[PDB]
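In this analysis, Cβ positions are derived from the backbone assuming ideal geometry, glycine residues included, and neighbour counts consider all displayed protein chains. Read the figures in this text as sums done on the coordinates, not as results from a lab.
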Amino acid sequence: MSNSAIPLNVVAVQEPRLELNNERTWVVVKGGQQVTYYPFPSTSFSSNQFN
Amino acid sequence: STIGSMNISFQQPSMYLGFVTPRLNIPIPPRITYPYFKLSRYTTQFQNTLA
């Protein structure tokens, strides 16, 4: 690593097929209860407008 | 008459008002007094009709 010109820093990486260890943390996904959809039919529709 | 009869609608009506916040340096009283009038009606029908 420190072979060339200005020396560099070493790091190693495990290939994808194997870690096999790293720290595996269970992650509970949470979002607020009650997601609801409304259909607001336009008041005062026209032929040249929508409101 | 030519007209009889007629049909009237309304759509959602907005209302327009104007909030003016004031300058930090000048302070505005904690309690304050406004002049307010209050109007009432009294009707009394009479007979007979005049023509």
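At a Förster radius of 41 Å, what calculated FRET efficiency corresponds to the Cβ-Cβ distance of B:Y42 and B:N7, to the nearest 0.05? Could the numbers behind the result be given before it?
Details: r = 35 Å, r/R0 = 0.85.
FRET efficiency, B:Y42 to B:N7: 0.75.
Determine, from the Cβ-Cβ distance of B:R23 and A:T43 and an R0 of 30 Å, the FRET efficiency 1/(1 + (r/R0)^6), rounded to the nearest 0.05.
On the way: r = 39 Å, r/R0 = 1.31.
The pair B:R23/A:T43 has a calculated efficiency of 0.15.
Could you give the size of the charge dipole of the protein assembly as shown about its Cα centre, using +1 on the Cβ of each K and R and -1 on the Cβ of each D and E, expressed in debye and rounded to the nearest 20?
Values: 7 positive and 3 negative charges, 140 e Å.
Result for the protein assembly as shown is approximately 680 debye, rounded to the nearest 20.
Which value, to two decimals, describes the C-alpha radius of gyration of the protein assembly as shown once divided by 2.2 N^0.38 Å?
On the way: Rg = 38.2 Å, N = 102, 2.2 N^0.38 = 12.8 Å.
Expressed relative to 2.2 N^0.38 Å, the Cα Rg reads 2.99.
What would the Debye equation give as log₁₀ I(q)/I(0) for chain A at q = 0.20, 0.30 Å⁻¹, counting only Cα atoms as equal point scatterers?
Calculated log10 I(q)/I(0) at the listed q: -0.93, -1.14.
Given B:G18, A:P7, B:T44, which one lies farthest toward the positive end of the charge dipole of the protein assembly as shown, if we put +1 on the Cβ of every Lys and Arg and -1 on the Cβ of every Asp and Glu?
B:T44
Can you check how the C-alpha radius of gyration of chain B compares to 2.2 N^0.38 Å, as a plain ratio? Can you show the working numbers first?
Working: Rg = 24.7 Å, N = 51, 2.2 N^0.38 = 9.8 Å.
In units of the 2.2 N^0.38 Å rule of thumb, it is 2.52.
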